[PDB]
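A single chain, nothing else alongside it, follows as structure tokens in the form deposited in one PDB entry.
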């Protein structure tokens, strides 16, 4: 953990609550977003918890954490990214559930969702074996989001004309 950076205990507490209910379920899930970076030693503050999973996993997670569901899992799509998307709030912390995230391809097709198991690693942390997507994958994913943002920004700037 570069910089001996520590994840704020509120996030670890909620992560434990999530881990405890998923650990012995057949759910294909990973922590993604900032918490995945942090768990893998990148000193970044976490503000919410992102769980990426497959389509079935999103609905299973929602059911497992039914009392915490703030937004029902629904297939949700922009023109760029879609997923089976819902939200939990646990102890005031937002948990984004994203099942089978797919990115739009140049041709308008949707990429197949990632094989989470190609990139999943288990981080031993605070007595928990937490599945995360690899830093390499995460970095590449954010850089890709970045490209999308840049293209959209340029389009919007031009649209203002």
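Shifts are known only where both forms have a C-alpha. Positions refer to the first chain, counted from 1. So that the term is clear: the rigid core is the largest set of C-alpha atoms that superpose within 1.5 Å between two forms.
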{"query": "Of 111-119 and 94-102, the stretch whose C-alpha atoms average the higher B-factor in the entry", "finding": "111-119"}
{"query": "Stretch exceeding the other in mean C-alpha B-factor - 31-39, 44-52", "finding": "44-52"}
{"query": "Third of the chain's Cα B-factor distribution that residue 74 belongs to, per the entry", "finding": "highest"}
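As for the form deposited in another entry, it is not shown, yet the points below apply to it.
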| query | finding |
| --- | --- |
| Rigid-core frame, C-alpha of residue 20, shift of 2 angstroms or more between the shown form and the other one | no |
| Direction of C-alpha distance change in the other form, residue 156 to residue 76 (at least 3 Å) | farther |
| Direction of Cα pair change residue 153-residue 74 in the other form, magnitude 3 angstroms or more | farther |
| Core-referenced shifts between the shown form and the other one - contiguous stretches of at least three, CA at least 2 Å | 147-161 |
